[PDB]
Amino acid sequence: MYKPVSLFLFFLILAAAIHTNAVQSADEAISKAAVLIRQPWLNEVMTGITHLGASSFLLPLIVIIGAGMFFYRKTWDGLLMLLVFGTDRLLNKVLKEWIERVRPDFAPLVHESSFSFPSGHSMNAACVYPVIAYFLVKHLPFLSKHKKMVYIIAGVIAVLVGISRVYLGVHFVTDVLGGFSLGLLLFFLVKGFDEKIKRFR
């Protein structure tokens, strides 16, 4: 359907475009321009923000939220959340090792030990936070009438995580957009599935 196909097509176009010198040059220019806004206090804040996208943070977060939902509503939907997360990490790893993009390496503020495209923190955040939002709104009746705000929070968090990877000099903008599009794709897939299997609307 429209939204996951558009994101998939957007990723393919980006995966091709990063091989053009025009995009590589714009990616370099934006990466270096981000250094100009840096301050040490903001370096610290952005490092804290970026941890919200770390798989070492999101795995215990998903397990905690899923456990909470199990006690509160007896749902096993936390297993769906773990599955889409694992799918997300597997897909990011396979694409990274296939594409083998070199990292910016102008001015990194955090450590990395892998290829650059697509960004795993951005892919993690664009998948997990909208997914969490979906299942929280599904299972927490006190979040009804706050649904738009829950999803806005998930979107703000994911965007900030992506911004932080460019700020911290470890991803190019296109790495972030590539990870955004595929994490969001996985979100729409698991949301569409969960809604499709409902026996009452």
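Each residue number is its position in the shown sequence, starting from 1.
> As stated in the PDB record, which stretch has the larger average Cα B-factor, 72-80 or 119-127?
Replying inline: Stretch with the greater average CA B-factor: 72-80.
> Looking only at CA atoms, which has the higher mean B factor in the entry: 3-11 or 190-198?
Replying inline: Higher mean C-alpha B-factor: 3-11.
> Which of these, 166, 45, 161, 67, has its C-alpha atom at the highest B-factor, as the entry lists it?
Replying inline: Largest recorded C-alpha B-factor: 67.
> Comparing residue 104 with the other modelled residues of its chain, is its CA B-factor in the lowest, middle or highest third?
Replying inline: According to the entry, residue 104 has a C-alpha B-factor in the chain's lowest third.
>> Using the temperature factors of the C-alpha atoms in this entry, rank residue 172 within its chain: lowest, middle or highest third.
In response: Bottom third by C-alpha B-factor.
> Ranked by Cα temperature factor within the chain, is residue 154 in the lowest third, the middle third or the highest third?
Replying inline: Its C-alpha B-factor belongs to the lowest third of this chain's values.
> By the record's CA B-factor, is residue 54 among the lowest, middle or highest third of residues in the chain?
Replying inline: Ranked within chain, residue 54 CA B lands in the middle tercile.
> Compared with the other modelled residues in the chain, in which third is the CA B-factor of residue 16?
Replying inline: Residue 16: CA B-factor falls in the middle third of its chain.
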